[PDB]
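how would this look folded up:
(14 chains)
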Amino acid sequence: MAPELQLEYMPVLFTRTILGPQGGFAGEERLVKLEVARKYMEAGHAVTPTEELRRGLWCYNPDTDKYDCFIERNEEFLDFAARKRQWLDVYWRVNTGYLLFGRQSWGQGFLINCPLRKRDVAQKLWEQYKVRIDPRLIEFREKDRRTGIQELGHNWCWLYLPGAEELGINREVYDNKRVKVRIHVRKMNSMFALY
Amino acid sequence: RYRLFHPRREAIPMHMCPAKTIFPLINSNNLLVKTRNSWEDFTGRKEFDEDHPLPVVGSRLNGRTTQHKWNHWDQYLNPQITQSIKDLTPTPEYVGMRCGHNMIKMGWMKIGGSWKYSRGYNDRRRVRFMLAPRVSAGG
Amino acid sequence: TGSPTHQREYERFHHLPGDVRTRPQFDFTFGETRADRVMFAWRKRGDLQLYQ
Amino acid sequence: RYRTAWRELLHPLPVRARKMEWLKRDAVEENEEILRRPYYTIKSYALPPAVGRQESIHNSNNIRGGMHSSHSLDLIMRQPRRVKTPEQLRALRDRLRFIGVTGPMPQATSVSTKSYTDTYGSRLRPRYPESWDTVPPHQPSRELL
Amino acid sequence: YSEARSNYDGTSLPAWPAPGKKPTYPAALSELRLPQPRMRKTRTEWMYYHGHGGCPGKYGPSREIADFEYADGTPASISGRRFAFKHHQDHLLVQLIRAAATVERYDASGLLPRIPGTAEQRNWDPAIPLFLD
Amino acid sequence: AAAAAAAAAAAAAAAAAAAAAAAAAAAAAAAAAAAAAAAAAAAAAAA
Amino acid sequence: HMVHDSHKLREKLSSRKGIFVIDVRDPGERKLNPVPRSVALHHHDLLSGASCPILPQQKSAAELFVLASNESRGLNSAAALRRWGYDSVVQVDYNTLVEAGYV
Amino acid sequence: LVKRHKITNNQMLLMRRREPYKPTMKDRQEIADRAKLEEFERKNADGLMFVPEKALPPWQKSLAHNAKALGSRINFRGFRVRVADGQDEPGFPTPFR
Amino acid sequence: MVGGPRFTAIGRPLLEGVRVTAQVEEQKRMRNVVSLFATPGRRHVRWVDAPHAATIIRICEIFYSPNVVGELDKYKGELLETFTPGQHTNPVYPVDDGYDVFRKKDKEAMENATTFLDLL
Amino acid sequence: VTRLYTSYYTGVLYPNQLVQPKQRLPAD
Amino acid sequence: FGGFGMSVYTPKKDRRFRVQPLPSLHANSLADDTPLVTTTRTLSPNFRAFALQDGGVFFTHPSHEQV
Amino acid sequence: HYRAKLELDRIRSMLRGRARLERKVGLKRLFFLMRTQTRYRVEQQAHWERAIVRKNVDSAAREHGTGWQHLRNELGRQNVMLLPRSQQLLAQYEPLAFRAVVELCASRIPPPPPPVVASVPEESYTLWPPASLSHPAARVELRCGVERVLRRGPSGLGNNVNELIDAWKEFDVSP
Amino acid sequence: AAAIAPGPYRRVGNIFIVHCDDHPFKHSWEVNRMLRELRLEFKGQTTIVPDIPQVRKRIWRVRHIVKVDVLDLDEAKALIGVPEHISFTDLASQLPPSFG
RNA sequence: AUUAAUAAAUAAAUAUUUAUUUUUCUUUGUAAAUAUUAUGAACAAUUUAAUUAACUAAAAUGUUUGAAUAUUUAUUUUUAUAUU
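Residues are numbered from 1 along each chain as shown, chains lettered A, B, ... in the order given. This is the structure:
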């Protein structure tokens, strides 16, 4: 909010939804760095704010694949768009990442002494992706339902995201009711490896 | 089990060393401190009674002791004791003739042994300008 | 750690993981001494078979 | 099922070692909870110190069934504080007297009353009974600094 | 003659209840927070509970009570190691007092943050709620 | 000695605080990008 | 949230007969518009648990009021109280308190 | 040889490094280099002071004095000898310049 | 602990009212123990002589003056108000019941031999 | 190394700990 | 156990005298009032127990001759 | 290099044949024996001895129906500080005492309560002076000390706590 | 009385008893340095430290070698057995500065 | 540790001798003079991120059920204490 920060940033209206940390939801007015702001503006994904745009804005409808969906930028629409973008952001952060875990495996071995739990998965998700979730949402596979992960190398589980039906993310993702958390367990230094 | 789950207040009990040990008058609104500062401050054992003197039991620090040879201070104070060439000793700065070997990578080693890890010592025992110009013929 | 009457030979490699911690399917000790000296054989884990 | 049996075979440590590792994890979690606890707490002068504990669940689970090493401490915390009001606290604090302090001390109470340091000096201390049961401080010269 | 003390003042908690009354018993289970595993206390844990610092010769009466005394009641001398142990106990007391004084001084100056933990712990542990405002 | 001790403390803090770094694809640390907190699908009960 | 004033006045008068108001405001604003019978806390303290012992023991029988200038701050304080186990929480403002006469 | 040390407990027997709380050799080099760089930057925070003739190192002082000897014996302001060994130009304005 | 041919008093951990008195016969050093420390690598040898200093003490008298509170039940932690020397404070019964068919049965005398009363 | 004395430390024997016999007035 | 990396070192067998295993209980063991030991023999009732003010227990038992 | 030449030639008489006859062989054998005995004492002798003591205590416990495991745990619970050597000695030479200890462990006798924490008397909070006499807290502490003095043993000072507390009046002289 | 404590309020801190349970020298030098800052160098050593942000940071760093116990100022005062009106600040001011 | 060769703060390691009380909750081996210094890795992968111990004792470490048996689908049995 400082003058220097505003100088190095620039306000921009997002014509469509971009899930990147510098992105936003359709109709969102946000201060974005000059580089990516110019990138979006030239690609057509954002435009400089104006009174007419703030009162009402045109956006992109995938049904016709054109920036021909006029919508008023009222408070209720802004709230709904913020919620929908938050849901999509959580989904994208989970799907486009690789949850690192540092655990102890005495000797060479093939699995870890202390199996991972839903609490551990939630804590690692918060640490890396800065996402808070109820551990009950995380569900392990059939192989890992009884004793947790308990294996080195590439592992993954399911993260359930309720509210997708209400928000309308039916066709915007692969499966709106599930998210595949992809994990990678490894032996790390003493300081990084607890338990 | 070597994984014991007990409170560390139990791990360090304060039952027999309450605050009264160092603040004896604390219970009477008098904050006087009598705390044994350090183990260094130990004047030694003292008999509680004259009828039960402590035994004179020899320790290795006070028994393994040699007879006193007059030093420079004693001979300066009372010249009557400078009775021999033996008493005529050199300056105290003279430790004596050197013993051991000043090995390069290990310091001073006893003459006993442990020569295997010392070769630079023997190398030294067995005993840039080209890039700079000459300002004048004579230098 | 003992005689065969208390510790079978295949149990020697019990510190390692894998099939070696399972009792071998075939034992060739009581009958005769095979020329190759293989004394135990495990169930085929695919086209691979383990012998001791 | 097949992969489950494979994982069962691929165990690095014995069961007892695994139990010890689980206990280590539990200790780590307990330390995490302790550090998670707040820095301070807002306490009332009148209420017993034991009011509002973060360990109430464990106390109910264990202490009420059987005595703990800190039974006396728990009883003291349960009992109400003996300093009811700030006025009482200030009165007691004023009554409190410091002897080893560096600065001067009031003497308006009684002229004839003399301090031990004044009577005998700083370099002299009583001949304390030096015994196993009662060990006095040694070398006040060392004690000074 | 003989001595048996568990506290510095020599006071002890009532060991024998009134006749016909159900006596109190200690908590045999370990002090682990989780209900499971349900493990009984180890001998070392019992030593800690009863006051000895895990070992018979570390703390408690076996360390604080003189091992001998003259028949006429005259006590024993102050050994160097006895003085060192007394200094160690005074050092533990000094550590506790100095830590408490530091906490009080920080509170008075206003340095004790209202937030539960540090930045590292807060961003590592989800259990700490968000205090943004 | 003060400078060396301060540098050692700073190095220890830097090497021991940031245990894990957010994935570069999600947000590039070298580009100053940072990820905010998404508490949408969260819970308030002390689980 | 906001409620009528006469009902709050009568409830505070003939229901509590004590102190049940927790004030979460900046010191300057608290001094500008003080309330003598309301205890001044900080929402961070409420959420962290530093106020647990002072808060009433009987969770069910204790209904609390929160005095704040920001609706978000009041909601955060109410959430902290509910997390600590106080679901009977209401929000009031200085104008409502003055109109009731609690000031 | 290895420096043997008098033990005070079996923990000292198990110990490998005499000072576990001390960084390894490479970390020591890194920390020393960082500390030296920080000290150098702190020293150079102010500009490069143009020290007088008498303050120059022993191998420049006498050369400068001999170069300016004549001006010293015949006093008139505005006489400066453009010697070569003098301090190099910093390149930016400084408080002492 | 204190005890005799007919009683035994334990301390938890210690006891009171026990007068154990002895006479310090000698203050000497016991047999020397020689610790020879050497390593095949370095030509250094250390010869430590540990004569364990000891005091030889001959016990002259042992007396006990206990203060008993009252009779204490074993199978229950309660302590009795009334002491009855003519009745066992904790009676004992045989093990055999017939339900355990594969039970190692000892000789009948040992299996059920009643015990006398040690206070009459 | 450096010692913190966080654990019990046995005081080192030193010549200043000699049991000094107190001066006694003569018997005559 | 030990992984592939660890080098095998056949240790000397512990030729010590191991204490024999005891019967185990799941309820009595976890009960706080009831101790682990379960001793009740022919001469058990003759070991009368009395309390002591200090805290100890005074046992009255028959003599070696009587046993 | 120093070797225990003179020290070991003395005991060289304790060997046989070549070692006892030839100085070098005897000295080498004695040096090796001393080093091996030192190593055994410092790394295995204690283990062997304490295992033997454990087995003796376990056999006594088995004869009495118990075992080493339960006996050790119950000794810890009851706060009976008998080292394993002491337990073996008692079992071998005082079977009745060992049986009494086992009976104590078996019985549901409440183990001793944990040590008490120092308690601040109300006299400390009592104001002094209220607005020649003694502080009430100091008087209480003196009474406790006199009680300990009297209870430590059958001293001839008398059992009158008040009389002992008023001792200084005996030496005081009326003006 | 189902109401907030009606009286003046005093802030009370905490004190951490930190006990070393694993060989500190077997970890990286950063862990050993944090333990030494906590005044720990060998297994089985226990120390008493204030509840402050720096100590919390150190304990968080070395939480897998350290077992922690908490003691409010009230609990510590009761443990040491001193009058409630006396202050640990007063005790600290009284005790000597050249102790160890 | 490692820069041959024009105006660039500083090689390090080991050893010897020697030097500096700078404030912050705790903790912390920094510097100088001098002597010596070939005990020697090829690829791939990834990455502006991953042999020591004073004595005595104590002492906590550690062969069926996504099948099997059977007949022309039904059956079967799927915590502790303690030891370096």
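
just checking: what are the partner strands of the longest strand along chain D?
Counting by DSSP state E, the longest strand found in chain D is strand D:41-44. Using DSSP bridges, the strands paired with strand D:41-44 are strand M:9-12 (antiparallel).

and residue E:17, how many neighbours does it have?
Neighbours of residue E:17 under the rule other C-beta atoms under 10 Å in any protein chain shown: 14. All C-beta spots, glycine's among them, are computed from the backbone N, C-alpha and C.

how about the one 5 residues further on?
Burial measure for residue E:22: 11 neighbouring residues, criterion other C-beta under 10 Å.

repeat that for the one 3 residues further on.
Other residues near residue E:25 number 20, with proximity taken as other C-beta under 10 Å.

could you do residue C:46 as well?
Residue C:46: 5 neighbours (other C-beta under 10 Å).

same thing with residue M:49?
24.

repeat that for residue L:168.
Count around residue L:168 with other C-beta under 10 Å applied: 7.

quick check, residue B:29 in contact with residue D:97.
Yes - at 6.3 Å, residue B:29 counts as touching residue D:97 under the criterion of C-beta atoms under 8 Å.

higher neighbour count, the two?
Between residue B:29 and residue D:97, residue B:29 has the larger neighbour count (other C-beta under 10 Å), namely 24 against 14.

tell me the contacts of the more buried one?
Residue B:29 makes contact with D:92, D:95-97, L:124, L:128, L:135, L:137, M:83, according to C-beta atoms under 8 Å, 6 or more residues apart in numbering or on different chains.

so which of those residues sit within helices?
D:92, D:95, L:124, L:137 (DSSP state H).

quick check: closest non-adjacent residue to the first one.
What that stands for is residue D:92. Nearest non-adjacent residue to residue D:92, counting by C-beta to C-beta, 6 or more residues apart in numbering or on different chains: residue M:85, 3.9 Å away.

if I look at residue A:55, how far off is chain H?
53 Å (C-beta to the nearest C-beta, to the nearest Å).

is it true that that residue touches residue A:70?
No - in this structure, residue A:55 is not within contact of residue A:70 by C-beta under 8 Å, at 10.9 Å.

residues near the residue nearest to residue D:92, how many?
Neighbours around residue M:85, by other C-beta under 10 Å: 20.

wait, it sits on residue D:87?
No - the criterion here is C-beta under 8 Å, and residue M:85 misses it with residue D:87 at 11.7 Å.

next up, the contacts around residue K:59.
I:7-10, K:47-50, L:100, L:103-104.

still on that earlier bit, which residues are in contact with the residue nearest to residue D:92?
D:83, D:89, D:92-93, D:96, L:125.

of the contacts of residue B:29, buried ones?
D:92, D:96, L:124, L:128, L:135, L:137, M:83 (16 or more other C-beta atoms under 10 Å in any protein chain shown).

and the gap between the third one and chain A?
Taking C-beta to the nearest C-beta as the measure, residue L:124 falls 46 Å from chain A.

how much space separates that residue from residue F:6?
46 Å (C-beta to C-beta, to the nearest Å).

just checking, residue C:31 is part of a helix?
No - secondary structure of residue C:31 (DSSP: H, G, I helix; E, B strand; the rest coil): coil, not part of a helix.

give me the neighbour count for it.
7.

for residue C:18, same thing?
15.

quick check: it touching residue D:9?
Yes - counting by C-beta under 8 Å, residue C:18 does reach residue D:9; the two are 6.3 Å apart.

dump the contacts of residue K:59 to CSV, plus distance to chain J, secondary structure and neighbour count.
As requested, these are exported to CSV (distance: C-beta to the nearest C-beta, whole Å; DSSP: H, G, I helix; E, B strand; the rest coil; neighbours: other C-beta atoms under 10 Å in any protein chain shown):
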residue, distance to chain J, secondary structure, neighbour count
I:7, 39, strand, 19
I:8, 35, strand, 25
I:9, 33, strand, 25
I:10, 29, strand, 24
K:47, 40, coil, 25
K:48, 43, strand, 24
K:49, 38, strand, 22
K:50, 39, strand, 21
L:100, 35, helix, 26
L:103, 37, helix, 28
L:104, 32, helix, 27
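
and which of those is nearest to chain F?
residue L:104 (44.8 Å; C-beta to the nearest C-beta).
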